[PDB]
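Chemist: Take a look at this one; I'll ask things after.
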Amino acid sequence: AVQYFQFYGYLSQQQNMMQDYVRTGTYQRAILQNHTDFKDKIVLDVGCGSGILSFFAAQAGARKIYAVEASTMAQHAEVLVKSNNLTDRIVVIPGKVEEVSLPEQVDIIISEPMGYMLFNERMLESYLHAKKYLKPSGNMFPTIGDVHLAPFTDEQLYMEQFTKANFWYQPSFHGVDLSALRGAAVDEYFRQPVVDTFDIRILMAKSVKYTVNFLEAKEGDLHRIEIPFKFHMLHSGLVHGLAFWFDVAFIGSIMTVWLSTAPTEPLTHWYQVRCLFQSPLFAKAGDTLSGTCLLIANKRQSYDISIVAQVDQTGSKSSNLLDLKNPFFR
Amino acid sequence: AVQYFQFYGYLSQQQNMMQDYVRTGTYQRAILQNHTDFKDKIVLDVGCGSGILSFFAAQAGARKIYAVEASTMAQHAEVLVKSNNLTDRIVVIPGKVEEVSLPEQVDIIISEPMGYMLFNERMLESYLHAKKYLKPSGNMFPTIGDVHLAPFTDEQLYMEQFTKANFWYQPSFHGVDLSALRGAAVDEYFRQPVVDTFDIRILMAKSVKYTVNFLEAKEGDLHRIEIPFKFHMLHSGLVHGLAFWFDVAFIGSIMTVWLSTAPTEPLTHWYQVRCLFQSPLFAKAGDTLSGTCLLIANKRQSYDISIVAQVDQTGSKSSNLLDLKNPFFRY
Ligand SMILES: CNCCN1CCC(c2cc(CN(C)C(=O)c3cccc(Oc4ccccc4)c3)ccn2)CC1
Ligand SMILES: CNCCN1CCC(c2cc(CN(C)C(=O)c3cccc(Oc4ccccc4)c3)ccn2)CC1
Ligand SMILES: Nc1ncnc2c1ncn2[C@@H]1O[C@H](CSCC[C@H](N)C(=O)O)[C@@H](O)[C@H]1O
Ligand SMILES: Nc1ncnc2c1ncn2[C@@H]1O[C@H](CSCC[C@H](N)C(=O)O)[C@@H](O)[C@H]1O
């Protein structure tokens, strides 16, 4: 937990998020275009960081914004509120949203708590926890989140894992036979989700989606995320794993605005995420690839990813276990 | 410390070090060419990782090798010891070298405990701690470590970091004035040591050298490291900061072998490290740039670095703090 908040205490890391124009600009649009959800309202910004989203709420006419931040970035946010002459409308509260007190309930909660695969870092639990401060029938921005999953083919990505692991498959590395560790090295590489982007042409079926409605969901609902899937294959080929991305929707009174990290959309700082299967699966066009993706929360602020999958027509099966806390940036 | 040993538990990270041919090859040359320091001797490998250095000690004819390793990599080392039929000579000992109980005093300690700028990660303290197991006559491989510092000029590097920091100069980022944080951003960005390599042509004077003798140094000596300097400037220009590298020497009974990470030598996985000044110092050829680099060990297995430098001929001074645990790896 200390390292987590120390990371967000760096201005360079806040800057990284601020500079993601799709992200920051879409939040600004969502808030300003839904000005009646803000005008003269009370706002909670969960994990304000620099304060940027709270400034957008102020731009849209909010009366009072409580900006809660657990890292030492709270001190820098405070400097910005004073220097932007907004002391009377934005109040920076240092600490965890789970531990602080607010002086009143709010009309609307705003936050950017989305990790890789939507759920990484487990901050959505803090966002849902914050609903203890939300007036009855208050709103949340973002309001819902969709995680999409789809099968891909990438022969070169799959092959790469062996190329790397075959370092160990040599009998005389400076006189040492390394070969006995090759299997362990393979296993290690396959446990890493791959964070990068890709051409949509690699996708072999229409995505399935799993939706969380943040107005209704409880913290505990994010501890175990079960995503069944049944893909009807558009192309014949070897399925090397599943690709993941996510969308959030800001459902306001005037309009619904979407922030998407899909591979069809301009790139964001989240990229997309791919989990390889241990062993690829052959599927022909029209076959069904079924199984479940289970995301199991862990004590390292992340998830273990369990994927089991089969091609129904053949019965050939595969699986993988991945560690979302150890992604490979490709 | 839990994260620290977890990192070294990954085979991919052990591979990264092993695939540094200069590093791994030079360790092997040092050990094999000084085989009389190993022949029928007792050896301690501090932080054996894959076991690689312990295999080198076995190649040189060591009677018995205690291969100490605190990460889960210990289990993989033992797989290799067995698959290489060396259970008779290499004894993997899981745990911290500070906390295990070896049955025997040793003739020689081998290790690769060097971090960025030599001292990062504080593993040299574990290496020095291990001297409780060293016989009076005993040797250490490496035997000494030299840190080199020299002033550099690199306007492109300076402007890259300055431009990042000046994101926080913006008076209207999506309508928001960030400019009150300009100074805080410059402080943070310039606290990051820059890890990459560079052309030697950027160096403005001969390096100053600080030496640690591992045969004599006590663990506590590395808690405060004071390196005074007085550079005789060989070129006129802006001094953008100090560049650091390090060498280690294996002082064997037969021969001394050096492993160098200098920018005049083939690249190693350590690259070199540069500490930028927030504002460069103007110097003329013939001037003297004097001051002190002070490294203070901290509770995050790293060092707070203080660099105070002044051009004596003008009184122009730069004071800098750097966080050796937050390096910027530049592509
Ligand atoms: C706040 N919303 C946008 C976050 N958006 C910018 C930040 C980015 C990110 C965060 C973190 C979070 N962090 C400091 C952790 O301690 C942590 C915790 C749980 C899990 C986790 O998994 C990762 C491991 C390696 C690399 C990245 C994550 C990291 C680390 C690195 N990069 C993630 C993407
Ligand atoms: C054993 N000698 C060779 C090590 N050689 C291969 C490993 C390489 C390295 C080690 C570490 C050490 N580590 C796991 C830490 O927890 C740690 C501890 C203290 C400080 C520290 O400073 C860094 C911060 C960011 C990136 C790197 C270091 C890291 C992390 C990343 N890369 C360093 C170089
Ligand atoms: N439980 C919690 N309570 C308070 N702040 C938290 C928190 N969990 C995460 N945070 C903070 O939430 C922020 C997420 S990054 C988003 C920052 C900013 N709102 C923006 O959109 O640019 C980080 O600054 C992190 O320190
Ligand atoms: N105090 C300590 N006790 C035991 N092992 C340690 C230690 N401090 C660091 N290590 C281990 O020392 C190793 C340093 S990396 C070098 C690995 C190997 N000797 C090689 O040269 O290739 C890591 O595997 C790390 O886990």
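By convention here, the chains of the structure tokens are called A, B, ... in the order presented, each chain's residues are numbered starting at 1, and ligands are numbered starting at 1 in the order presented.
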Which parts of range 61-294 of chain A does DSSP call strand (DSSP E or B) when run on the backbone here, written out as a ChimeraX atom specification?
Modeler: /A:64-69,90-94,106-111,115,118,134-141,144-152,173,176,194-196,203,208-213,224-232,237-251,256-260,272-283,288-294
Chemist: Pick out the residues sitting within 12 Å of residue 17 in chain B, and hand them over as a short mmCIF file (atom, residue, chain, number, x, y, z; two decimals) with C-alpha atoms, in the first residue's frame; count only C-alpha atoms, and ignore anything fewer than 2 positions along from it in its own chain.
Modeler:
data_model
loop_
_atom_site.label_atom_id
_atom_site.label_comp_id
_atom_site.auth_asym_id
_atom_site.auth_seq_id
_atom_site.Cartn_x
_atom_site.Cartn_y
_atom_site.Cartn_z
CA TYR B 8 15.45 -11.74 -8.13
CA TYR B 10 12.27 -14.34 -11.61
CA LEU B 11 14.26 -16.43 -14.06
CA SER B 12 13.87 -13.59 -16.58
CA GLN B 13 15.84 -11.25 -14.24
CA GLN B 14 18.55 -13.82 -13.59
CA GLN B 15 18.75 -14.27 -17.39
CA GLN B 19 23.25 -12.56 -20.70
CA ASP B 20 25.54 -9.60 -19.85
CA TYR B 21 28.56 -11.29 -21.47
CA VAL B 22 31.07 -8.72 -20.24
CA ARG B 23 29.86 -9.24 -16.68
CA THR B 24 29.50 -13.04 -16.72
CA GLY B 25 32.56 -13.67 -18.92
CA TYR B 27 33.70 -13.17 -13.59
CA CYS B 48 24.13 -17.10 -5.88
CA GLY B 49 21.04 -16.45 -8.06
CA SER B 50 21.12 -19.20 -10.74
CA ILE B 52 26.48 -19.34 -12.12
CA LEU B 53 29.45 -17.98 -10.07
CA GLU B 112 28.12 -9.91 -7.72
CA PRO B 113 26.50 -7.34 -5.45
CA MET B 114 27.07 -4.16 -7.49
CA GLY B 115 24.12 -1.87 -8.12
CA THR B 268 27.20 -3.73 -19.63
CA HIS B 269 23.68 -3.99 -18.18
CA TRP B 270 24.67 -1.26 -15.66
#
Chemist: Identify, on the basis of only C-alpha atoms, every residue whose closest approach to range 240-246 of chain B does not exceed 6 Å; exclude the query and any residue fewer than 3 positions from it along the same chain; express the result as a ChimeraX atom specification.
Modeler: /B:117,146-153,261-262,272-277,280
Chemist: Restricted to N, CA and C atoms, what would the selected residues look like written as a PDB file, in the first residue's frame?
Modeler:
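Resulting contents of selection_35.pdb:
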ATOM      1  N   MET B 117      25.603   2.918  -9.931  1.00  0.00           N
ATOM      2  CA  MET B 117      26.540   3.741  -9.152  1.00  0.00           C
ATOM      3  C   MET B 117      27.277   2.920  -8.079  1.00  0.00           C
ATOM      4  N   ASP B 146      35.955   0.718  -7.423  1.00  0.00           N
ATOM      5  CA  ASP B 146      36.240   2.123  -7.715  1.00  0.00           C
ATOM      6  C   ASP B 146      35.002   2.779  -8.323  1.00  0.00           C
ATOM      7  N   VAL B 147      34.538   3.873  -7.725  1.00  0.00           N
ATOM      8  CA  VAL B 147      33.519   4.718  -8.322  1.00  0.00           C
ATOM      9  C   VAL B 147      34.226   5.908  -8.958  1.00  0.00           C
ATOM     10  N   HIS B 148      33.847   6.212 -10.196  1.00  0.00           N
ATOM     11  CA  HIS B 148      34.373   7.359 -10.941  1.00  0.00           C
ATOM     12  C   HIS B 148      33.257   8.392 -11.153  1.00  0.00           C
ATOM     13  N   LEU B 149      33.614   9.668 -11.004  1.00  0.00           N
ATOM     14  CA  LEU B 149      32.730  10.813 -11.208  1.00  0.00           C
ATOM     15  C   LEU B 149      33.439  11.752 -12.182  1.00  0.00           C
ATOM     16  N   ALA B 150      32.726  12.299 -13.158  1.00  0.00           N
ATOM     17  CA  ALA B 150      33.279  13.354 -14.010  1.00  0.00           C
ATOM     18  C   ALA B 150      32.174  14.307 -14.448  1.00  0.00           C
ATOM     19  N   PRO B 151      32.494  15.611 -14.619  1.00  0.00           N
ATOM     20  CA  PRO B 151      31.501  16.559 -15.137  1.00  0.00           C
ATOM     21  C   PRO B 151      31.220  16.344 -16.617  1.00  0.00           C
ATOM     22  N   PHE B 152      29.963  16.528 -17.025  1.00  0.00           N
ATOM     23  CA  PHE B 152      29.571  16.372 -18.417  1.00  0.00           C
ATOM     24  C   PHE B 152      28.775  17.565 -18.913  1.00  0.00           C
ATOM     25  N   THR B 153      28.735  17.672 -20.240  1.00  0.00           N
ATOM     26  CA  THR B 153      27.904  18.625 -20.958  1.00  0.00           C
ATOM     27  C   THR B 153      26.980  17.836 -21.883  1.00  0.00           C
ATOM     28  N   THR B 261      32.670  -0.722 -15.969  1.00  0.00           N
ATOM     29  CA  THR B 261      31.421  -0.235 -16.567  1.00  0.00           C
ATOM     30  C   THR B 261      31.618   1.179 -17.134  1.00  0.00           C
ATOM     31  N   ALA B 262      32.866   1.526 -17.452  1.00  0.00           N
ATOM     32  CA  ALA B 262      33.194   2.863 -17.938  1.00  0.00           C
ATOM     33  C   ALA B 262      32.643   3.090 -19.340  1.00  0.00           C
ATOM     34  N   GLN B 272      25.754   3.584 -17.655  1.00  0.00           N
ATOM     35  CA  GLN B 272      26.361   4.549 -16.724  1.00  0.00           C
ATOM     36  C   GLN B 272      25.211   5.359 -16.088  1.00  0.00           C
ATOM     37  N   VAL B 273      25.516   6.209 -15.105  1.00  0.00           N
ATOM     38  CA  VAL B 273      24.493   6.994 -14.405  1.00  0.00           C
ATOM     39  C   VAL B 273      24.882   8.462 -14.367  1.00  0.00           C
ATOM     40  N   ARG B 274      23.926   9.348 -14.654  1.00  0.00           N
ATOM     41  CA  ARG B 274      24.192  10.772 -14.635  1.00  0.00           C
ATOM     42  C   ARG B 274      23.243  11.513 -13.692  1.00  0.00           C
ATOM     43  N   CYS B 275      23.809  12.386 -12.856  1.00  0.00           N
ATOM     44  CA  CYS B 275      23.036  13.229 -11.951  1.00  0.00           C
ATOM     45  C   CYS B 275      23.083  14.629 -12.533  1.00  0.00           C
ATOM     46  N   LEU B 276      21.934  15.102 -13.013  1.00  0.00           N
ATOM     47  CA  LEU B 276      21.783  16.432 -13.606  1.00  0.00           C
ATOM     48  C   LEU B 276      21.668  17.517 -12.556  1.00  0.00           C
ATOM     49  N   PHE B 277      22.244  18.677 -12.873  1.00  0.00           N
ATOM     50  CA  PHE B 277      22.013  19.885 -12.086  1.00  0.00           C
ATOM     51  C   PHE B 277      20.749  20.521 -12.601  1.00  0.00           C
ATOM     52  N   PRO B 280      22.613  24.424 -15.137  1.00  0.00           N
ATOM     53  CA  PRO B 280      24.018  24.134 -15.411  1.00  0.00           C
ATOM     54  C   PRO B 280      24.977  25.241 -14.990  1.00  0.00           C
TER      55      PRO B 280
END
Chemist: Give me the residues near residue 301 in chain B as a list in words, where near means some atom within 7 Å (using only C-alpha atoms) and where sequence neighbours in that chain fewer than 2 positions away do not count.
Modeler: residues 121, 122, 298 and 299 of chain B
Chemist: So which one's closest to residue 273 in chain A, A:238, A:117, A:200, A:208? Using only C-alpha atoms, please.
Modeler: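 Of the candidates, the smallest distance to residue 273 in chain A is held by A:117.
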Chemist: Residues of chain A within 8 Å of chain B, using only C-alpha atoms, as a list in words?
Modeler: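 Those within range of chain B come out as residues 10, 11, 12, 15, 52, 55, 76, 79, 80, 83, 84, 167, 174, 176, 177, 178, 180, 181, 185 and 188 of chain A.
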Chemist: If I take CA of residue 91 in chain B and CA of residue 65 in chain B, how far is one from the other in Å, to one decimal?
Modeler: 5.9 Å
Chemist: Could you tell me how far CA of residue 331 in chain B sits from atom 21 (C, counted along the ligand's line) of ligand 2, in Å to one decimal place?
Modeler: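 Atom-to-atom, atom 21 (C, counted along the ligand's line) of ligand 2 to CA of residue 331 in chain B, that is 19.0 Å.
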Chemist: Using only C-alpha atoms, which protein or nucleic acid residues come within 7 Å of range 32-43 of chain B? Drop anything in the same chain fewer than 5 positions from it, and give the result as a PyMOL selection string.
Modeler: chain B and resi 57+60-66+106-109+252-255
Chemist: Could you list, as a PyMOL selection string, every residue within 12 Å of residue 17 in chain A, counting only C-alpha atoms and ignoring same-chain residues fewer than 3 positions away?
Modeler: chain A and resi 8+10-14+20-25+27+48-50+52-53+112-115+268-270
Chemist: Dump as a Markdown table the rows for residues of chain A within 9 Å of ligand 1: closest atom pair and distance in Å with one decimal, only C-alpha atoms and all ligand atoms counted, ordered by chain and rising residue number.
Modeler:
| residue | atom | partner | partner_atom_place_in_ligand_line | distance |
| --- | --- | --- | --- | --- |
| A:1 | CA | ligand 1 | 16 (O) | 7.0 |
| A:2 | CA | ligand 1 | 16 (O) | 8.1 |
| A:3 | CA | ligand 1 | 16 (O) | 5.5 |
| A:4 | CA | ligand 1 | 16 (O) | 3.7 |
| A:5 | CA | ligand 1 | 14 (C) | 6.6 |
| A:6 | CA | ligand 1 | 14 (C) | 7.2 |
| A:7 | CA | ligand 1 | 14 (C) | 4.8 |
| A:8 | CA | ligand 1 | 14 (C) | 6.7 |
| A:13 | CA | ligand 1 | 7 (C) | 6.8 |
| A:14 | CA | ligand 1 | 6 (C) | 7.9 |
| A:16 | CA | ligand 1 | 6 (C) | 7.0 |
| A:17 | CA | ligand 1 | 6 (C) | 5.9 |
| A:47 | CA | ligand 1 | 1 (C) | 8.3 |
| A:49 | CA | ligand 1 | 1 (C) | 9.0 |
| A:111 | CA | ligand 1 | 1 (C) | 8.7 |
| A:112 | CA | ligand 1 | 2 (N) | 5.5 |
| A:113 | CA | ligand 1 | 1 (C) | 4.6 |
| A:114 | CA | ligand 1 | 2 (N) | 4.6 |
| A:115 | CA | ligand 1 | 4 (C) | 5.1 |
| A:116 | CA | ligand 1 | 34 (C) | 6.3 |
| A:118 | CA | ligand 1 | 2 (N) | 9.0 |
| A:120 | CA | ligand 1 | 20 (C) | 5.5 |
| A:121 | CA | ligand 1 | 19 (C) | 3.8 |
| A:122 | CA | ligand 1 | 19 (C) | 7.1 |
| A:123 | CA | ligand 1 | 1 (C) | 7.7 |
| A:269 | CA | ligand 1 | 34 (C) | 6.6 |
| A:270 | CA | ligand 1 | 34 (C) | 5.7 |
| A:300 | CA | ligand 1 | 19 (C) | 6.3 |
| A:301 | CA | ligand 1 | 19 (C) | 4.5 |
| A:302 | CA | ligand 1 | 20 (C) | 5.0 |
| A:303 | CA | ligand 1 | 20 (C) | 8.2 |
| A:324 | CA | ligand 1 | 22 (O) | 6.4 |
| A:325 | CA | ligand 1 | 22 (O) | 4.0 |
| A:326 | CA | ligand 1 | 24 (C) | 5.4 |
| A:327 | CA | ligand 1 | 25 (C) | 5.8 |
| A:328 | CA | ligand 1 | 25 (C) | 8.1 |
| A:329 | CA | ligand 1 | 26 (C) | 8.2 |
Chemist: Take the residues from that selection and put them in a file with N, CA, C and O atoms, as a compact mmCIF listing (two decimals), in the first residue's frame.
Modeler:
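Result file is result07.txt:
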# COMPACT_ATOMS: atom_id res chain seq x y z
N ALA A 1 0.82 -1.23 0.00
CA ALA A 1 0.00 0.00 0.00
C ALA A 1 0.85 1.28 0.00
O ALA A 1 0.46 2.28 -0.62
N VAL A 2 1.99 1.24 0.70
CA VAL A 2 2.90 2.39 0.77
C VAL A 2 3.45 2.71 -0.62
O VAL A 2 3.37 3.86 -1.06
N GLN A 3 3.98 1.70 -1.31
CA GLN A 3 4.53 1.86 -2.68
C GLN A 3 3.48 2.36 -3.65
O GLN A 3 3.77 3.18 -4.52
N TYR A 4 2.26 1.84 -3.51
CA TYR A 4 1.15 2.23 -4.36
C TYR A 4 0.95 3.74 -4.27
O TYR A 4 0.94 4.40 -5.29
N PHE A 5 0.83 4.28 -3.06
CA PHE A 5 0.55 5.71 -2.92
C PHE A 5 1.78 6.57 -3.18
O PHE A 5 1.66 7.67 -3.73
N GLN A 6 2.97 6.07 -2.84
CA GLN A 6 4.20 6.75 -3.23
C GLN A 6 4.28 6.98 -4.74
O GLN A 6 4.69 8.05 -5.17
N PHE A 7 3.89 5.98 -5.53
CA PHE A 7 3.90 6.08 -6.99
C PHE A 7 3.04 7.25 -7.47
O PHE A 7 3.47 8.05 -8.31
N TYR A 8 1.83 7.35 -6.94
CA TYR A 8 0.91 8.42 -7.34
C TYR A 8 1.28 9.78 -6.73
O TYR A 8 0.77 10.81 -7.16
N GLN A 13 4.02 10.90 -12.62
CA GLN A 13 2.96 9.90 -12.84
C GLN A 13 1.57 10.51 -13.01
O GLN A 13 0.76 10.03 -13.84
N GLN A 14 1.28 11.57 -12.27
CA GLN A 14 0.05 12.33 -12.48
C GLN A 14 0.05 12.93 -13.91
O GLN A 14 -0.95 12.84 -14.63
N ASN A 16 1.63 11.81 -16.62
CA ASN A 16 1.36 10.70 -17.53
C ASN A 16 -0.14 10.53 -17.81
O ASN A 16 -0.56 10.40 -18.97
N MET A 17 -0.95 10.56 -16.76
CA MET A 17 -2.40 10.42 -16.90
C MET A 17 -3.02 11.69 -17.49
O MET A 17 -3.86 11.62 -18.37
N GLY A 47 -9.90 10.17 -5.10
CA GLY A 47 -8.52 10.03 -5.56
C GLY A 47 -8.21 11.14 -6.56
O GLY A 47 -7.99 10.88 -7.76
N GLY A 49 -5.77 13.18 -7.13
CA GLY A 49 -4.46 13.34 -7.75
C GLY A 49 -4.12 14.82 -7.82
O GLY A 49 -4.17 15.51 -6.80
N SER A 111 -14.59 10.05 -10.44
CA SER A 111 -13.34 9.37 -10.21
C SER A 111 -12.78 8.81 -11.52
O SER A 111 -13.54 8.50 -12.45
N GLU A 112 -11.47 8.66 -11.54
CA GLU A 112 -10.80 7.81 -12.53
C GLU A 112 -10.03 6.71 -11.79
O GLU A 112 -8.89 6.91 -11.39
N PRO A 113 -10.70 5.56 -11.56
CA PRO A 113 -10.10 4.46 -10.82
C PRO A 113 -9.83 3.22 -11.66
O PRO A 113 -9.68 2.15 -11.09
N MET A 114 -9.75 3.37 -12.98
CA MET A 114 -9.70 2.23 -13.86
C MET A 114 -8.25 1.78 -14.04
O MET A 114 -7.34 2.58 -14.35
N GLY A 115 -8.02 0.49 -13.83
CA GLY A 115 -6.72 -0.11 -14.15
C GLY A 115 -6.76 -0.87 -15.45
O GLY A 115 -7.80 -0.93 -16.15
N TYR A 116 -5.63 -1.55 -15.74
CA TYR A 116 -5.59 -2.49 -16.85
C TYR A 116 -6.67 -3.54 -16.65
O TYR A 116 -6.93 -3.97 -15.53
N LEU A 118 -9.68 -3.01 -16.73
CA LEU A 118 -10.60 -2.28 -15.86
C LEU A 118 -10.29 -2.38 -14.37
O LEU A 118 -10.22 -1.37 -13.69
N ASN A 120 -7.62 -3.86 -12.53
CA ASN A 120 -6.30 -3.88 -11.88
C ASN A 120 -6.11 -2.71 -10.92
O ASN A 120 -6.61 -1.62 -11.19
N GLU A 121 -5.43 -2.97 -9.80
CA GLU A 121 -5.15 -2.01 -8.71
C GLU A 121 -6.26 -1.94 -7.66
O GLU A 121 -6.05 -1.38 -6.58
N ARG A 122 -7.43 -2.48 -7.99
CA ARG A 122 -8.56 -2.59 -7.08
C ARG A 122 -9.13 -1.25 -6.58
O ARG A 122 -9.83 -1.22 -5.56
N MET A 123 -8.86 -0.15 -7.28
CA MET A 123 -9.35 1.15 -6.85
C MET A 123 -10.87 1.29 -7.05
O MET A 123 -11.51 2.11 -6.38
N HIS A 269 -3.47 5.48 -22.60
CA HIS A 269 -2.35 4.99 -21.79
C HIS A 269 -2.58 3.57 -21.20
O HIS A 269 -1.65 2.97 -20.67
N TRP A 270 -3.81 3.08 -21.27
CA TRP A 270 -4.13 1.71 -20.86
C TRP A 270 -3.77 0.64 -21.89
O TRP A 270 -3.73 -0.55 -21.56
N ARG A 300 -2.23 -8.42 -3.13
CA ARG A 300 -1.26 -7.49 -3.75
C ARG A 300 -1.94 -6.42 -4.61
O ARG A 300 -1.36 -5.91 -5.56
N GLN A 301 -3.17 -6.05 -4.23
CA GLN A 301 -3.98 -5.06 -4.92
C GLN A 301 -4.26 -5.42 -6.36
O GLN A 301 -4.40 -4.55 -7.20
N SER A 302 -4.35 -6.71 -6.68
CA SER A 302 -4.53 -7.10 -8.06
C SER A 302 -5.38 -8.36 -8.15
O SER A 302 -6.17 -8.65 -7.24
N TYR A 303 -5.27 -9.07 -9.27
CA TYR A 303 -6.05 -10.24 -9.53
C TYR A 303 -5.19 -11.36 -10.10
O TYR A 303 -4.25 -11.11 -10.85
N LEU A 324 -1.99 -10.59 -12.91
CA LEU A 324 -2.21 -9.23 -13.43
C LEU A 324 -1.26 -8.15 -12.84
O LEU A 324 -1.12 -7.06 -13.40
N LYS A 325 -0.65 -8.45 -11.71
CA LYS A 325 0.33 -7.60 -11.06
C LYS A 325 1.70 -7.65 -11.74
O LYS A 325 2.56 -6.81 -11.43
N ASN A 326 1.92 -8.61 -12.65
CA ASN A 326 3.21 -8.74 -13.40
C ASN A 326 3.01 -8.71 -14.92
O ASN A 326 3.40 -9.65 -15.65
N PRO A 327 2.42 -7.62 -15.42
CA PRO A 327 2.24 -7.54 -16.87
C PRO A 327 3.57 -7.39 -17.61
O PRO A 327 4.55 -6.93 -17.03
N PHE A 328 3.60 -7.83 -18.86
CA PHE A 328 4.75 -7.61 -19.75
C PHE A 328 4.40 -6.51 -20.75
O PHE A 328 3.47 -6.67 -21.54
N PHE A 329 5.13 -5.39 -20.69
CA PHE A 329 4.93 -4.27 -21.62
C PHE A 329 5.72 -4.50 -22.90
O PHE A 329 6.94 -4.39 -22.91
